[PDB]
Each structure stands twice: as C-alpha cells, then as structure tokens.
Peer 1: 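Here you go, one structure.
Sequence lines set the chain letters: A, B, ... in the order given, protein chains first and strands last, and positions in each chain run from 1. Both ligands and their constituent atoms are indexed starting at 1 by order of listing. We use all heavy atoms of the structure for the numbers below, so side chains are in, but hydrogens, waters and symmetry mates are not.
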Amino acid sequence: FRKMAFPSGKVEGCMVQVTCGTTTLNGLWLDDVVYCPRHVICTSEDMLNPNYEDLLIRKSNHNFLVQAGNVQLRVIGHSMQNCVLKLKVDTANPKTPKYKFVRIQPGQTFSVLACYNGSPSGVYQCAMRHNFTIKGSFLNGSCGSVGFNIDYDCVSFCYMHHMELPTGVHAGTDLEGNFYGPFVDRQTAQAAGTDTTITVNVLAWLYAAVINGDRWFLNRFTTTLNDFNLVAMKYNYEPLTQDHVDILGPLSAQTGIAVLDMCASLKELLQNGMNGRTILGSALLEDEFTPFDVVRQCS
Amino acid sequence: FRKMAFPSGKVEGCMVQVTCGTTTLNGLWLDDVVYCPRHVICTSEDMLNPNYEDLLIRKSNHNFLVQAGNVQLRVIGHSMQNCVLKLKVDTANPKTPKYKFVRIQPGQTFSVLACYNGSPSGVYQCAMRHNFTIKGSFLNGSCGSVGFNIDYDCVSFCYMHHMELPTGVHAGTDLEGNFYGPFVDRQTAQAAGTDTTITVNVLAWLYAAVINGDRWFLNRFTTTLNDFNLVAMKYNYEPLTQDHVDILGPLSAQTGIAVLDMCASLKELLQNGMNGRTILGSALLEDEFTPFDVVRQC
Ligand SMILES: *[C@@](O)(CO)[C@H](C[C@@H]1CCNC1=O)NC(=O)[C@H](CC(C)C)NC(=O)c1cc2c(OC)cccc2[nH]1
Ligand SMILES: *[C@@](O)(CO)[C@H](C[C@@H]1CCNC1=O)NC(=O)[C@H](CC(C)C)NC(=O)c1cc2c(OC)cccc2[nH]1
C-alpha cells in the first residue's frame, strides 16, 4: 500500500506564471481566467502588513504579466475574490479540462502538482489535516501550485498554495480564495491548531487490512457512535461525523464488518495497544489513506 | 520531504491499449511504433511455457487491436525485441516527447505511471532494488505501464511492467525488452535473490531528515569506511563505495556532517534499533530516495 497521485497531465496544461513587478508565482489558466494568489500584487515590503483592497486599486490590467511558458497572455480584466486574484485573459486555454472547484474536508486526500515559474516540477499525494494544514514539499516560488482530484476525467481543484508555517507544514486556500483553517496571507508567523489523528482514514486502513486477510484485531464488541467519539478524543483522535460513517459504507459492505464494529475494534486498539503485533506489516496505524484511496488501490 | 514523482503529462499522451484476442494490456506509443509486453500474443494456455518466436510468426498485423483513447491505430508491421513487442502503426503520435530509452542500475529511482486499458490511473515513485525488483502498486491489467525520469523536457524511459512475484513485489524489463533480474515472462511463481538494502539511499534520507530539522539519531562517534561496511554487510546492507561517499558530498557539505559521521549514526541505528522513535514520520529506515532525489527536492 503506497501513496499514489493522480496523473497530472490535465493540470500541467493549465499552469502559467504570473508576475507583478519583481514578484512571481504560479497561476491556473482555465477558459479565459487565470487564478492566482492575490499577494502577487505585493512588494516584499508590502507583504508584511498588506492592505489588499488599497494595493489593488493601484493596479491596472497592464501591470500583470501572465505567461504560458515565455508566451505572454494579455490581461483584459482583474478582480479579487477573497485571497485569490482572477485575471481575465484574451485567450481561452485550449487545454482546459472538464473541471469543478470543490472545498474539501479534513482527512480527504488530493494530489499536489508542485510548480515553479509556471513549470511543473513534481506530483505527490497530500492529506488535509484536521488542523487544516498539509504536509507538503514546497520551496520558494511554489505559491499558486494547486491540489486536485480527478474523477472520470473531471478535475476537481481543491487547493491553491500560499504559505509555509514555522513548523514546516503548509497552508492555502480553495479556488475561491478561502483559506483552509485560521490562516491569513500576511508575512507573519502563524501557528496551527493541535493536530488529531484522522479517525475515518484509520478505519479505512483497518478495512484494508481485513480485505487482505489481516484481521487479528477484530473483536466481539460493538459501540455507539457517541460512545466511540468520546473515547477517541481522549487519544487525540478526531470524532466521526455522519459523513464519515457513510463514506465507510462501501468497505463495510465489502468486508461485512459493520462500521460501529470496526470502531469497537479500533477502541480496543487505542486502549490496549498493538501488543507488539503489526497491521499490514506496520506497527503504526496509517491515517492518510481515505476509504476512496483504499478501494482505488485494493480493487 | 515527500516521495515525489515527475509530472506525468508527457507520458500520459503516449499510453494506448493493445489487444490480441482475449488478452489486453498497455502499450507505449512513440512516433509510429507501439511498444508493449510480448506476452500479449499468448492465450492463457500459451503463457505457461510460451515459444515466443513460434507464437509470433503465426500472428498477422490484423490480429493486433491498438486503441488510443477512442481512435483505432492500424498496425502495419511488427517485430519483437527480447520481451518487448514493437507494433508499427500507420499514424505517428503527435504528442511524442523528446525521449530516450535507458537501463537503470539498482538504487536509482523512477516515476511509474500505472495504467489500465491504456488509461493512466496513478503516478508514484519506485526504486530499482538490489535484487532487481520494485515495490510497486500494480493490479490485473497493469502490464505495459512504464517507468521514467524527466530531465529538461526529455523523458528517459527505463521500465515496462510485466509481473508481480508471489511476495507482492514487481518485475519488468527495460524498453529494449531485457528483464531486470533473473525473471522470465512465463506464468510461474518466481523468487528473487536476497534483498540487500540500498545503503547510500538510507544515508541520503538521513541527510534529508537533518535538512528538515531532525537530528535525534546523530552521535559523537565516527567510523572508518571498512568498519562501517563490515556492520552493513552483517545487516544485509550494500557496501558503501568511495563513489557513494563522493555522491553524498553535496548533502554532507550542505549539512556539515561528514559522510563517515552519518555512517556511524546509521551503524548505531542498525545496532540499537530506532527504540520506538520515528524519522521523517517513518518507523523504518527508508531506502528509496537517491542523493539526487534529496538534493532536487530540498
Ligand atoms: C509563495 O511562494 C509565495 O508567493 C511562498 C511559499 C512558501 C515559501 C517556502 N515554502 C512555501 O510554501 N509563500 C510565502 O513566502 C508566504 C507569503 C505570504 C502569504 C505573504 N509567507 C510565508 O509562507 C511565511 C512568512 C513567514 C514568516 O514571516 C516573518 C515567519 C515564519 C514563517 C513564515 N512563512
Ligand atoms: C499483466 O498485466 C499481464 O498482462 C500482469 C500484471 C500483474 C497482475 C497482478 N499484478 C501485476 O503486476 N502480469 C502477469 O499476470 C504475469 C504474466 C506473465 C509475465 C506472462 N504473471 C505474473 O505476474 C505471475 C504469474 C504467477 C504465478 O504463476 C503460476 C504464480 C505466482 C505469482 C505469479 N505472478
């Protein structure tokens, strides 16, 4: 079981670079709009304490350099939506895929296409942590890189990169410019909330073990969802939502193990430990495979 | 610090589906040639012990159905090079990238674009292990998926997928059709040689952990190269060469930890264990990052 990204080609064809003054980052070119982080309009000094509505009044269309490779796309309009800038360009991208903009929940995974100067560099899978950070791999010039899932050739864009925290994890927005978590696009040291283990994904991992014949941890007990949530919080595990219970439905049906029965097995694991045993070869419980990832790989 | 694959778009544009009778797998369409595993010509019966030259002479161009998304490509010629079939088509692939075929050495990494029915499905990083297997994620229908590296828009293809061993590791060929390792394209259970750990990669990864602010495994000791290799061979690690020491130079300079100091640290980890602790999130010593992988990403 390994972390697999989606093929990145459909997103590669949408990556551009956006420069204002000397400040350069990446943008996403879909139809005749380029989406990028709004702090491109800031000078290094401005980012310390920017007033974005005031910085944007000073900008005109002709202040924006949008390039696909070294080919300039002329900007014919601009607007600000939350923390993203939308630049209307005179050319509709012929490589635009079928797409949607979606806001994901904590625990969900997505592929990140890390980009520099408009040029894709690498691709890897990330999980949104419950403190709304991702454990990415980003260097200077990576802002505007995007995260996505692909469902039957439709690209659901869910992340645009803005920030590296002092702890080394990363934070960003959806494609409507709304940050995940309590972060702000200022050049300031911000701290994330305490992380928690992603319970719904640990349960997915346990189903994956069962599918593969590794089922020693299945016990004879069950639990209510409220009782489980109150115990889980004492082990720094996230409480389950109704949506979590329902996305475990397919794996529960496939194995015949009720969701709440698996919760009872996890509860026993948390209270008593692995006792030196392993699950899928590992002494650690994995929390960055979603139920979707598990079926995506298992079947 | 993450296992990071190359962007796969240049390879996606080359994946096609190849069908012979009841048998289907993936092919790689470059210019006017489709490369695919030769066992596509085998029925279930043939695959137990196939005489590939005999089976191929009995095939016609029309026996090969090649589909690129929706379009069907007319096969106008075919030849076999070792375990790889080369289907000449009457259409050149307009999306062919600048490319090369290379054969990689153990320890080197590459990106895998896992495909099913000629449609790309996922991308992830693999390393060619010392026993010439790879730890991949491949299901039924994945044969003909390829591995590659990308250097300034040139795709260097190094792997075509053929088989999953009983242990769950994977085996395949270069794009000349020569297997990595002692494996053969017959429907049999095959074991690999002993899996020595790629030492220079474990050391590169320990440097990655320091560059990302983790030092708990460092120590005040040093070791000679030979004394380290004695311990390495005892734990079935590959002996470290002076070329390996040289390749680790940049990470040592960037970090200020001499290579032999990091070897003393790895020696301690091999002798004491990790004592329940973790490095870069891993409970195990990671051996699938090369020194270049660490430099490029950091
Ligand atoms: C984008 O590339 C910027 O356009 C960049 C990406 C990060 C650089 C290193 N890795 C990354 O992911 N973003 C930034 O530099 C942002 C810019 C803001 C939103 C205006 N700033 C930070 O990520 C940032 C600032 C500070 C800081 O200050 C002082 C102190 C500590 C951490 C920190 N991160
Ligand atoms: C291909 O896709 C075939 O076109 C398939 C890929 C594997 C299936 C499951 N995961 C994979 O990576 N490859 C095979 O099925 C090959 C075909 C050979 C080369 C003709 N066979 C095996 O991988 C294989 C056969 C046997 C076996 O026999 C008996 C016993 C144990 C393991 C095993 N693997």
Peer 1: Of the backbone atoms (N, CA, C, O) and the side-chain heavy atoms from C-beta on, which set of A:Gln187 has a member under 4.0 Å from an atom of ligand 1: side chain, backbone, both, or neither?
Peer 2: both

Peer 1: So is there a nitrogen or oxygen of B:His162 less than 3.5 Å from a nitrogen or oxygen in ligand 2?
Peer 2: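 By distance alone, the answer is yes.
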
Peer 1: For A:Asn70, does the CG atom have more than 12 heavy-atom neighbours from other residues, nucleotides or ligands under 6.0 Å away?
Peer 2: no

Peer 1: Within the 3.5 Å criterion, strictly below it, is a donor on B:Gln190 or B:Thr188 matched to an acceptor on the partner's side chain?
Peer 2: yes

Peer 1: Are B:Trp205 and B:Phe1 an aromatic pair by the rule of ring centers under 6.0 Å?
Peer 2: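 Between B:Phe1 and B:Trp205, which both carry aromatic rings, the centre distance is not below 6.0 Å.
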
Peer 1: Would you kindly check if the NZ (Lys) or CZ (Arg) of B:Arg186 is within the cone defined by 45 degrees around the ring axis of B:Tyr52 and under 6.0 Å from the six-membered ring centre?
Peer 2: no

Peer 1: Using heavy-atom distances only, which candidate in B:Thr23, B:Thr188, B:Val184, B:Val40 approaches atom 27 (C) of ligand 2 most closely?
Peer 2: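 The nearest heavy atom belongs to B:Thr188.
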
Peer 1: Just which atoms of ligand 2 are under 4.0 Å from any heavy atom in B:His161?
Peer 2: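 Result: 6 (C), 11 (C), 12 (O).
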
Peer 1: At less than 4.0 angstrom from any non-hydrogen atom of B:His170, what atoms of ligand 2 do you find?
Peer 2: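 Once the distances to B:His170 are compared, the set is 12 (O).
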
Peer 1: Please determine whether any non-hydrogen atom of A:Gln190 lies less than 4.0 Å from an atom of ligand 1.
Peer 2: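 False for this residue.
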
Peer 1: Does the N or O separation between B:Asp185 and ligand 2 drop below 3.5 Å for any pair?
Peer 2: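 There is no such contact.
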
Peer 1: Check whether A:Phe289 forms a cation-pi arrangement with A:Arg296 (NZ or CZ under 6.0 Å from the six-membered ring centre, at most 45° off the ring normal).
Peer 2: no

Peer 1: I would like to know whether A:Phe179 and A:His162 meet ring-ring contact (aromatic ring centres under 6.0 Å, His included); could you show each step before the answer?
Peer 2: CA-CA 9 Å; A:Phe179 260 97; A:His162 294 242; 5.2 Å; yes

Peer 1: Which ligand 2 atoms does B:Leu25 reach within 4.0 Å, using its non-hydrogen atoms?
Peer 2: 4 (O)

Peer 1: Can you sort out which atoms of ligand 2 are near B:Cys143, meaning under 4.0 Å from one of its heavy atoms?
Peer 2: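 Counting atoms of ligand 2 from 1, those under 4.0 Å from B:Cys143 are 1 (C), 2 (O), 3 (C), 4 (O), 5 (C), 6 (C), 13 (N).
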
Peer 1: With under 30° as parallel and over 60° as perpendicular, where do the rings of B:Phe148 and B:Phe6 fit, or are they tilted in between?
Peer 2: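 Tilted.
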
Peer 1: Measuring from atom 34 (N) of ligand 1, which candidate in A:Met163, A:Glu164, A:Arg38 has the nearest non-hydrogen atom?
Peer 2: A:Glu164

Peer 1: Would you check whether A:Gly141 reaches within less than 4.0 Å of ligand 1, judged by its heavy atoms?
Peer 2: yes

Peer 1: Below 30° counts as parallel, above 60° as perpendicular, anything between as tilted: where do the rings of B:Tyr35 and B:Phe101 land?
Peer 2: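 The arrangement is perpendicular - the two ring planes meet at more than 60°.
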
Peer 1: Can you check which of B:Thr24, B:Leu165, B:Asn140 brings a heavy atom nearest to atom 9 (C) of ligand 2?
Peer 2: B:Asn140

Peer 1: Under the criterion salt bridge (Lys or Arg N to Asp or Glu O under 4.0 Å), I'd like the reasoning laid out for A:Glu288 against A:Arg129: C-alpha separation, chi angles, the key distance, then a yes or no.
Peer 2: CA-CA 9 Å; A:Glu288 292 211 344; A:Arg129 304 302 308 179; 3.0 Å; yes

Peer 1: Going by heavy-atom distance to atom 31 (C) of ligand 2, choose the closest among B:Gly172, B:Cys42, B:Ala189, B:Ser145.
Peer 2: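 Ranked by closest heavy atom to atom 31 (C) of ligand 2, first place is B:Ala189.
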
